[PDB]
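First, one chain by itself in structure tokens, the form deposited in one PDB entry.
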């Protein structure tokens, strides 16, 4: 009955975990400007996320089917970021001032860096049609979003068209989002909302986007390059520079015993957990 741990987070067989610091999984994947540390991440053994990470959704809103994505994250060990729609290519929509003070970078209005907040151009917002064929060997995690304005005037100012939609189709996904104008209390100075969506695009499939307003377009998606045993661990601890074969949220374990006492949610070759004293 081992009762002792080293009170810090180590590598798991010389493979360093991804420690998110004050960023959440949502902030990392969407590209919260406070999360540049994680723009391109090396292979991980497990992932560590604090209870209430401070930098999550900078612009207030929602990440749709978020817990299922997280669950889908704990059997992935390595993403490789790739550009699927270059910000450069938006010829008929303003693509450079979709920013907000709710998403500061160095005290300047910025925005999640993996998606683009398109806005009208010359008092017009033509219908957008874009495709990406996944010509890679690997599955892709694609993310996009919708902006829910706070009134008819705002809608018409940003997007011209009073009534708008976003349709997204793959070989399995048949989605058609409609923005929800409501009156909301300000979170981070904003009463508008952003709602985000994701899908896994299988090799050789294609994703087709079409919209006439409120579209938060992708720029970067994620190649799932290494699948394998992984986890998301909720911990407050910082990185400990050590190494181990058994990790817990409380700290690592170097032991020979058959049982342990620390924390039920462990990862690696570990003694079995009991409540005993």
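Whichever C-alpha set is largest while still superposing within 1.5 Å between the two forms counts as the rigid core. Numbering follows the first chain given and starts at 1.
- Stretches compared: 133 to 141, 107 to 115. Higher mean C-alpha B-factor in the entry: 133 to 141.
- Mean C-alpha B-factor is higher over 72 to 80 than over the other stretch, the pair under comparison being 165 to 173 and 72 to 80.
- You'll see in the entry that, of 216, 58, 237, 26, the Cα B factor peaks at 237.
- Looking at 30, 231, 221, 54, the one whose CA carries the top B-factor in the deposited record is 231.
Omitted from view is the form deposited in another entry, to which the following refers.
- Residue 231 shows a C-alpha shift of 2 Å or greater between the shown form and the other one [criterion: core-superposed Cα displacement of 2 Å].
- Once both forms are overlaid on the rigid core, the distance between the two CA positions of residue 64 between the shown form and the other one is under 2 angstroms.
- Once both forms are fitted on their core, a CA shift of 2 Å or more is seen for residue 246 between the shown form and the other one.
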